[PDB]
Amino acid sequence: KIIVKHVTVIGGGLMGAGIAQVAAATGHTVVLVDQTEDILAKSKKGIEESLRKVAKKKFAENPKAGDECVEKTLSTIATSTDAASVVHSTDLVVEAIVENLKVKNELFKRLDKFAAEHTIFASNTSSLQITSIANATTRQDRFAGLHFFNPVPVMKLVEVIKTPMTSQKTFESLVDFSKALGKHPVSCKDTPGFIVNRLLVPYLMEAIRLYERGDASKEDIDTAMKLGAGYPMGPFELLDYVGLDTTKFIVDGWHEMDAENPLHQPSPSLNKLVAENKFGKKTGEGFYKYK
């Protein structure tokens, strides 16, 4: 097997930046790739701010060390706008770009030609068949899914998705990498939603339908699941937290893929909110109003 040490993270967004941060914090050499220097500048600025917010609490008694820890970590992250020039000798590519299949395949189709031989390709996609991306390359045995959770530097869970073509050597290498990141890896096949979303999303939809049906108020439903099932957030609070458009996107995906299943049936309420651009906390309004 291979020991991941040099990591190429493509996409410096919410997830990408988090992945690059944890990898660098855990002693991996990292190259963050995005489209423009400005995007990268902002992504790396965000990483630094996050690292400092932590350090100020952990190195309160010794601020010098705190600053070093931060510097050392940032210096271990490099940036580039050209993935091709970076993967020649990288051990792992973790892609977290726009959730679009075409764009993704083109990206990997191209990288497969420049990446080293031992290089492993992994996607952090939520609503896309890992296999539907692996096939865009001739490296399916070194291709898998590595699904993280927001906020990456906080959430310890990582889903290691193995396709029917993924090597066992590749799998274990990702399992070892996950642990080196200080994460707790779980295994799942390349099935829609993998584990978490597959069981969480349809339940969130069910909560909306119960409400749309007029069986109870959103407030009581949230209170019920928090006090009755011990959940951290009620379904509607959580829905606004993960983004209503983000959810709709995943459900429609499963609806088209299987318009017969009652769990993926569209929701008038959900659609309306998204329509009128009310996506949740990231807009100040979803099922509830914030800020």
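Residue numbers run from 1 along the displayed sequence.
With 88 to 96 and 204 to 212 compared on mean CA B-factor from the PDB entry, the stretch scoring higher is 88 to 96. Between the stretches 21 to 29 and 267 to 275, it is 267 to 275 that shows the larger average CA temperature factor.
Set against one another, the Cα B-factors of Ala55, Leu239, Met233, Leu227 in the record reach their highest point at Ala55. Ranked within its chain, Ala180 lands in the lowest third, by CA B factor from the PDB record. Among the modelled residues of its chain, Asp67 has a C-alpha B-factor that falls in the highest third according to the deposited record.
Ranked against the other modelled residues of its chain, the C-alpha B-factor of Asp258 as given in the entry falls in the highest third.
In the PDB entry, a CA B factor belonging to the lowest third of its chain's modelled residues is recorded for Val7.
Annotation for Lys102: CA B-factor lies in the highest third of the chain's modelled residues.
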